[PDB]
Amino acid sequence: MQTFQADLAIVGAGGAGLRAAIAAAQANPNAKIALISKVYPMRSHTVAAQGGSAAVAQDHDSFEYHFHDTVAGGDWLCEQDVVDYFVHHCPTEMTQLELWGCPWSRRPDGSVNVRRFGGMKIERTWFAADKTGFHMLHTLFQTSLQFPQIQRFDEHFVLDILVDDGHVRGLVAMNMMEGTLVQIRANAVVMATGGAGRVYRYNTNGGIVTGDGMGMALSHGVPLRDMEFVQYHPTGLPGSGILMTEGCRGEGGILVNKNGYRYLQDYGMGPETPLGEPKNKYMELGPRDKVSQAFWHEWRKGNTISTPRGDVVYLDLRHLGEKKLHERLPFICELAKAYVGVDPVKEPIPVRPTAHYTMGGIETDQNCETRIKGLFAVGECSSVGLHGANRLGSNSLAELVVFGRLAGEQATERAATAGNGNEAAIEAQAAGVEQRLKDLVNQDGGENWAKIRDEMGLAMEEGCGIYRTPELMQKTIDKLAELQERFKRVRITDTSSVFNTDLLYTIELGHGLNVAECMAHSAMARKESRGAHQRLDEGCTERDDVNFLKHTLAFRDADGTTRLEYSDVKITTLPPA
Amino acid sequence: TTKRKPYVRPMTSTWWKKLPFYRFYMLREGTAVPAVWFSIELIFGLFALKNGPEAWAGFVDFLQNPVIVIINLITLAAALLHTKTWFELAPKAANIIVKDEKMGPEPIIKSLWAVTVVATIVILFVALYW
Amino acid sequence: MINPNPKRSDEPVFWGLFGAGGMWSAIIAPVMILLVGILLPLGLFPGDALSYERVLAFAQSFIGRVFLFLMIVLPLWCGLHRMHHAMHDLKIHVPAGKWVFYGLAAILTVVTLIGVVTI
Amino acid sequence: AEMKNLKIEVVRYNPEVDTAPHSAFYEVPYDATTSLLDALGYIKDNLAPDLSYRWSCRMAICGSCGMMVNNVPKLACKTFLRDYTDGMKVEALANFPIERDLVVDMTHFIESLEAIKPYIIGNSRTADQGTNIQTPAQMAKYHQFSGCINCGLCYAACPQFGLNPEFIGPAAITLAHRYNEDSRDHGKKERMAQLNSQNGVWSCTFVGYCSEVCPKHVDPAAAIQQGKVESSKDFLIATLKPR
Ligand code: SF4
Ligand code: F3S
Ligand code: FES
C-alpha cells in the first residue's frame, strides 16, 4: 500500500466528476484534489451524447414551464425542491461552458440556438452539432488542465472507499498499468463513476459502464434508490444497440412495419402527419414509452421484420435527400452504413428499442451528500431525484454540469471540517481491501466469468424491460440469485500483473451482479406502474399515487440479501395530477 | 522494480519502402534532384553563352547527346510531377470562408493550373514566334 | 518531459525561400525544360529565334537578366532544402548539413548572380 | 444459415514473460457485421482470457480502440472482418511503445496534448454577463479542428514522429491551432513558443498520411500548414522585434 493525502478525492472523470474537480479547484485554490478514473478522462461515456443539454434560454420560455415539464415528465416522482434548483441553474452552467469555449452550434446572429427535445412545448436544448456530449467532455477536460490543483490518477481502477465512525476517510485503487495499489486518503469523496446500463444484454452504453460506484456504495450500507426505473431508447441499431438519435426522427424520420404502414397512428398517436410536417407529441415524435410500447404491440402482432440481428421496425429517412441531412444529420449517416450496411438514401435502417439510462442511483440529499457524512455522489451513478420515474431527454448532461459543481463545492467544504478519524481503524480497513481482493485472485473453481456476464445481461433484458410481469421478474431474481452464487466459483486466468483486464473485468461483473439484484427486487415490489416501469399483471397496471408515491430504497445487506425501504416524495407547488 | 518491460520498435531506413503511400511520398521528394541539375545545366548555359559562340555551340552539342536527352525528359517528368503534387498542397494552407462554409481545395487547384496553362503559352510564343 | 521553454527554430527562413522556390519551379519550369531541354537542340523551333545571336539578346537584356537569375536560383533553394531533409528522412548522417546545402545554395546563388551581372 | 470462420493473427507481447512481442493465431467466427473489436472480444472471451486491450464506446467516438491492421493504423472499433478475407495481422498502434499486448503507453501524446495549453486564455467575461457572441461564420474558422478524439492514429502514421519522438505530433498542433483560431481565445502568445520550436510545426515534412487516416475527418495536416504560415508570420514580427 503506497498512500497519498489529498484534500478531496473524485472517483471518475466524464462530465460530472470532471466538473466537480474544477469546482473544488476554485472554491479553494490551495486544495490538493485527486481525480481518479480507470480510463483517460476523455474516453468517458459522456462523449457519446448527441442531443444536448437542456437549459432555459428562450425569451418565451420560463423556469415554471421547465419545472412543470420535468415533474410531470417523471410522473411526480421527482423531489421538487431538488428540481426547482436544477431548473434554475442550468443556464448559468451552460453559459459557463460556452465561456470555457465549448463550441455550441449558433444562430446567424452569433447567439446560442436551441432544439426540440424530450417532449417539451417550449424548446430549450442547447447543442454543439450532433456531437454535444463530446464537445462537453472534451471541453471540461482541457479546461481542468489549467489548474494544477487537480492531480489526475488516470487508469486507476478504484476498489473500495474507506469508512469509519459514520465518515469517509479515503479510498483504495489499483494503478492498472503498474499492477499495484495506492490508497488515497481524503475526507470527502465525490462518487461520479457514472452509469449502470451495461448490466443489460442490449443497450447504448459503452464498455466502462458497469455500476462500480453504485456497488461500493451498497457495501457500506448506503442505499440505491429508484433503482427499478430503467429507461429505454426507441431507436437502437440491432445487435450493438447503438444509438440512432431522436434528432433524426425530429428532422423528418419515419417508423414503419413489414407493410411500412406508418404504425404509431393507432396507439393513441394519431392523427397521421405529412412527410414534411413532423409535429411534437404526435405519431413519430410521439411520447417516449409509447413509441417503445408500440414496438412490442407491433412486435406481438407478427408485424416487426426479422433479421439475424433480431426483430425490428424501420425508421425511414430516405425521403429527406441529402442537404437536409448533412447539415444537421451527418454522423448518423456514417453510423448506418458502418454498423449495419445502410446508406441513409437507398434502404431503411433497422432499429429496435434498446436500453439506455439509469434513473436510479445512490441516495443523496439536495447537496449530493449520502447518509455517510463526507460521501457524495453525482451524475448518472447518483439519485438526487431530478428524474423521479423517467428522465427527460436533454436533462441528463444538464445534470452533470449543474450538480457536479454543487457537489464540487459541498464536498470541498465538508472536507474542511471533518476532524480526524481514527487513523488506526481506517488503515486496517484499507488493510482489508487488500486481503479481500486477494481472496478473489486465488479463487480455484472455473467458471468463465464471460458466461455469467452473457447470462445476467440476458436475464435482465427478458424479465426487467419495457413491459413487466410478475412471473417473469421472479425469474430474473431467481436467475441473478444463481449467478450470484456461481460467481463465488469463477477462477481468473491471468495471474499477470500489468494491465490485467481479465481481473478488472471480473471485479466489475461482480458489481453489476449487485446492481441487478437490486433493480429486480425494486421492481417486483412496485405493484403499480410509473413512467418507465409498466406491469400487466391484473391490479397493477395503473399509476397509483395512493400507495405508490414513494422512492424505493434498496440495501444490500452484510448477509448478502437485498432489502427494501420506502421514503416519501417531497412536494412543493405541483400536487399529483 | 516494475514488472513492466516497455518494448520499443526499430524504425529502419527501409521505412518508406514499406507503404505505397510513403513510396510515393519519397518520390515527390526525389523530384528535387533533377530540379537542381537542370538549374546546373542552365548555369553552364549561362557561362557558355558568354565564353563566346564557339562554346555555346558545344553546350548545344552536349544537349544533342542522346544520354543527356533521356535524362532531360526525365527532368521534365519530375517537374510535371512536382507541379501536379505541389498544386494540390498549397491550397491546404489557406483557410478561406465563402457563403458561410469554409472552402475547399477544388477551386484553387483550378487556377494554379490555369495560370500554368497560360504562362506555358505566353512563354512559348515569346521564345518561338515573335 | 516536454521542456517548458523551447528554442524558436530558425526554419521559417529556408522554408520561406523554398515556398517561392516550389511555386516558381511549378508554373514556369516545365515549359523551359521543353525549350532548353528538348526544343532547342532538337532543332524544332521556327527560323533563327533560338540561336546564339537571339538568346544572347534576351540574356543580355535586363528582364531576361532578372529572369535567368530567378529561374536558376529558386529552383536551387527549393530542391536543396528538400534533399536536406530528404537526407534525414532516410537516416543518413551528413556532417554539418545545414551549412553544406544552404551553403552550396549560396555559393551557387553567387556564381549565378555573377554571370548575370557580367553579361 | 451457417457462419464463416476468419483466422486472425494478433501480436502478443508480455513484459513479465516474453522478451519480444510475438505472433499468435486465433480463429474467429464471423458475419457481415463483425468488427475487429468484436473479434478481439470473442478471443478473450473464449480462447484467450489473457489478451488485454483498450475499448469503450463501440461506435468510433471515444478514441480508445486504435491499433494496427496489416500495417495500417485503425480503430478495432470500426474495422470489419469482411474486408480481410485473404488475411489479417493486428499489431499494437505503431510509433508508441508496447506495454502489453495491444495496449501502448500514450503518455507523450498526453504530455503534448497538455503542453500547448488547450484552453481559452484571457477572456474576461463571466456568466452573469451572458455567453460571448460568435457567428456561424467565426465558428467555421476552427470548427473541423475540434473533432479530434485523441485516438492517436495520426501519431502512428507520421514517420516524422517515428524518427523524432520529441516532436509534439499532428493532433497536438491541431488541437492547439483550434484554440488559436477560435475567436474567443486570447492566449496565442501563450501557445506559439512551442509551435515555433524544431519539435513544434517545423518537424513536419508534409507527408500527409495523418490526414489520410483520421477517423473523424479533421485533416491534421491542413492544421499544421496553417501552423507554419503562422509560425513564420511570428518569426518575421520578431525579426522586427528585438526592440
Ligand atoms: S487528429 Fe484524427 S487521427 Fe489524430 S488523434 Fe485526432 S482523431 Fe485521431
Ligand atoms: S503525416 Fe506527418 S509529416 Fe506532417 S503532414 Fe502529417 S504530421
Ligand atoms: S471503442 Fe470507442 S473508438 Fe472504438
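Methodologically, a virtual Cβ is constructed for each residue, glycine included, from the backbone with ideal geometry; neighbour enumeration extends over all protein chains shown. Values quoted throughout were computed directly from the atomic coordinates according to the rules given, and no laboratory measurement underlies them.
With θ set to phi - 60° and the Karplus curve 6.51 cos²θ - 1.76 cosθ + 1.60, what are the ³J(HN,Hα) couplings of the stretch A:292-302 in order, to the nearest whole Hz, using x for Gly and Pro?
Whole-Hz 3J(HN,Hα) from phi for the stretch A:292-302: 8, 4, 4, 6, 5, 4, 6, 4, 4, 7, x.
Rg to Rh for the stretch A:232-294: what is it, with Cα atoms only and Rh by Kirkwood?
Result: Rg/Rh = 0.94.
From the P(r) of the stretch D:122-241, could you give the percentage of C-alpha pairs in the tail past 25 Å?
More than 25 Å apart: 27 percent of the Cα pairs in the stretch D:122-241.
Hey, what's the Cα Rg ratio for the stretch D:25-108 versus the globular rule of thumb, 2.2 N^0.38 Å?
That ratio works out to 1.04.
Based on C-alpha coordinates, I'd like the Rg and Dmax of chain C, in Å.
Reported Rg and Dmax, both Å: 18.7, 70.
Using Cα centres only, tell me the gap between the stretch D:165-185 and the stretch B:66-130 in whole Å.
31
Convex hull over the Cα atoms of the stretch A:102-158, averaged projected area in nm²? Don't skip to the answer; put the middle values down first.
Working: hull surface 26.2 nm².
Across all orientations, the stretch A:102-158 yields a mean hull projection of 6.6 nm².
Express the C-alpha Rg of the stretch B:1-95 as a ratio against the empirical globular expectation 2.2 N^0.38 Å, rounded to two decimals.
For the stretch B:1-95, the normalised Cα radius of gyration comes out at 1.77.
For the stretch A:103-212, restrict the atom set to alpha-carbon positions and state the Rg and Dmax in Å.
Spelled out, the Cα radius of gyration and Dmax of the stretch A:103-212 are 19.3, 58 Å.
Taking the stretch D:9-68 on its own, what percent of its Cα-Cα pair distances exceed 16 Å? Let's see the in-between values first.
Details: 894 of 1770 pairs.
Above the 16 Å cut-off, the stretch D:9-68 has 51 percent of its Cα pairs.
Quick one, can you get me the convex hull of the C-alpha atoms of the stretch A:237-352 expressed as volume per residue in Å³? Please report the intermediate quantities before stating the final value.
Details: hull volume 11.1 nm³, N = 116.
Spread over its residues, the Cα hull of the stretch A:237-352 gives 96 Å³ apiece.
Taking every pair of alpha-carbon atoms in the stretch A:297-355, give the share separated by more than 13 Å as a whole percent. Could the numbers behind the result be given before it?
Details: 1094 of 1711 pairs.
Percentage above 13 Å: 64.
If you only keep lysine pairs separated by 8 or more in sequence, or across chains, how many in the stretch A:419-535 come under 28 Å at the Cα atoms?
10
Would you mind ranking B:88, B:54 by Cβ crowding within 10 Å, fewest neighbours first?
B:54, B:88
Looking only at other chains, what is the average number of their beta-carbon atoms within 10 angstrom of each beta-carbon in A:101-108?
Partner-chain Cβ atoms within 10 Å, mean over residues of A:101-108: 6.
Shape verdict for the stretch A:4-47, please, from the Cα gyration tensor: rounded (a/c under 1.5), prolate (a/b greater than b/c) or oblate.
It comes out oblate by the Cα gyration axes.
Build a GNM of chain D with springs between Cα atoms under 10 Å: which of D:97, D:118, D:159 gets the top mean-square fluctuation?
With Cα springs under 10 Å in chain D, the top fluctuation among D:97, D:118, D:159 is at D:97.
Cα centroids of the stretch A:392-455 and the stretch A:493-559: how far apart, whole angstrom?
Centre-to-centre (Cα) distance: 18 Å.
Take every residue in peptide A:153-164, count the Cβ atoms of other chains within 10 Å of its Cβ, and give the average of those counts.
If you average over the peptide's residues, the count of other-chain Cβ atoms is 0.
Please compute the average number of Cβ atoms from other chains found within 10 Å of each residue's Cβ in peptide C:16-29.
6
Any chance you could get the radius of gyration and Dmax over the Cα atoms of the stretch A:423-542, in Å?
18.1, 56
Which are the unpartnered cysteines of chain D, meaning those with no other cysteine Cβ under 4.7 Å from their Cβ?
Lacking a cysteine Cβ partner under 4.7 Å: D:148, D:151, D:158, D:204, D:214.
If amide H atoms are built 1.01 Å from N in the plane of the peptide, which residues on other chains or at least 5 residues away come under 5 Å of the amide H of residue A:160?
Correct list: A:172.
Compute log10 of I(q)/I(0) for chain A with the Debye formula, placing one identical point scatterer on every Cα and leaving out solvent, at q = 0.10 Å⁻¹, to two decimals.
Calculated log10 I(q)/I(0) at the listed q: -0.83.
Which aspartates and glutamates, on any chain, are close to residue D:7 with Cα under 17 Å apart, when same-chain ones fewer than 8 places away are left out?
D:27, D:31, D:38, D:45, D:83, D:86, D:91
Compute the Rg/Rh shape ratio of the stretch D:60-180: radius of gyration over Kirkwood radius, all on alpha-carbon atoms.
1.08
Given just the C-alpha atoms of the stretch A:391-472, how large is their convex hull per residue in cubic angstrom?
Roughly 220 Å³ of hull volume per residue.
So which chymotrypsin sites (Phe, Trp or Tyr not before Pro) in the stretch A:237-317 end up in coil per DSSP with only 13 or fewer other C-beta atoms within 10 Å?
Details: sites: A:261, A:263, A:267, A:282, A:295, A:296, A:299, A:314; in loops: A:261, A:267, A:282.
Here the chymotrypsin sites (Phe, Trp or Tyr not before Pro) that fit, given the DSSP loop and packing criteria, are A:261.
Using only the alpha carbons of the stretch D:129-188, what is the convex hull's orientation-averaged projected area in square nanometres?
Details: hull surface 21.2 nm².
The orientation-averaged projected area of the Cα hull of the stretch D:129-188 comes to 5.3 nm².
At 4 °C and 1.567 mPa s, what whole-number value in µm²/s does Stokes-Einstein give for the translational diffusion of the protein assembly as shown, with Rh from the Kirkwood sum over Cα pairs? Let's see the in-between values first.
Working: Rh = 32.0 Å.
Estimated via Stokes-Einstein, D reaches 40 µm²/s.
Quick check: convex hull over the Cα atoms of the stretch D:33-72, volume per residue in Å³, rounded to an integer? Display every interim value, and only then the final one.
Numbers: hull volume 3.6 nm³, N = 40.
Given the Cα convex hull of the stretch D:33-72, per-residue volume reads 90 Å³.
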